[PDB]
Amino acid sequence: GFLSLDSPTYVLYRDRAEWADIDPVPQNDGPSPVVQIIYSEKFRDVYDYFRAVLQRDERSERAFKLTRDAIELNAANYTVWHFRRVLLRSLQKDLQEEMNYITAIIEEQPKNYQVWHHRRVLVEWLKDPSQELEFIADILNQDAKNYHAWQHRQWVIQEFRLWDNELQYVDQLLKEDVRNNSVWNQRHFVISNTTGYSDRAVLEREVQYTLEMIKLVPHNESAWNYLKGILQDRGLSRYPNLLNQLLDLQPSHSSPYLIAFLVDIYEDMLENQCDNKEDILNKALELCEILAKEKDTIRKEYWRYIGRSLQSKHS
């Protein structure tokens, strides 16, 4: 018997018959208040009644409906969420109806921490991840970078072993926006927890896919960070063809990312006793100067630090 908080016929709890027996408990802000919020009447009314049911620990159907209003007013109130979860178990509430409710509230406030944590608790209680991937895909359809949605997605996949269709979903989102860093992160999450990157055919497929992405969008930092992240493991100098293959994009597909990657290749070669040591160092130091003075001046202090570092180590 819900009376929505935004309903034109919503009535304050102090004007409700079924609540006459209970005295609302006002907030004790002290004699000289600080950071005192001048609450709206509706907010003050729900929270004075929530304080009364909490103080007396009333585990009733009316207290349960009241938490829905208190959550709607301030979905970050973790004390309310704790009491609602106490009521779900004490009252033996249908948890699938609670899932319908959490789905609606997450749709309204997809960035709230508490709503996603409550949904995880429900999925744990029910041991049912069947609706998860499709519900998350609907949130990601509205904000493809929602950090809580991606975190819940990884938790779901890892906990219930739902790996099988994830690389395909990743491929679809990358087609939509190749610049979506959360999606490149998901790609690494999937591969590292399934085949791994030690499988040479997997690594080759990944590097080729990434290189094709870089050719299409040369100034997309995500694909460059991904290529570096998957190769930096064993060391960039371990892949001798990579340098020549990138040096062949110098006229056409150049960017401060390509130049920066060249310096990362040179740093690793210098750490792994490469041939033409003095030639590599000067090539690296030239790129550092170009980056610091011309191509990436916002990072001048970083590029000068790298320059000095390379000199100090490899002179």
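Sequential numbering from 1, following the sequence displayed.
Stretch comparison (202 to 210 versus 74 to 82) by mean CA B-factor in the PDB entry places 202 to 210 on top. Relative to one another, 147 to 155 and 123 to 131 have unequal mean CA B-factors, and 123 to 131 is the one with the higher figure. Of the candidates 216, 227, 136, 105, it is 216 whose Cα B-factor is highest according to the PDB record. If you compare the C-alpha temperature factors of 44, 277, 62, 68 in the entry, 277 comes out highest. The entry lists a Cα temperature factor for residue 293 that places it in the highest third of the chain's modelled residues. Among the modelled residues of its chain, residue 233 has a C-alpha B-factor that falls in the highest third, as given in the PDB entry.
When all modelled residues of the chain are sorted by CA temperature factor, residue 240 is found within the highest third. Among the modelled residues of its chain, residue 92 has a C-alpha B-factor that falls in the middle third, as given in the PDB entry.
Looking at the C-alpha B-factors along this chain, the one for residue 257 belongs to the highest third.
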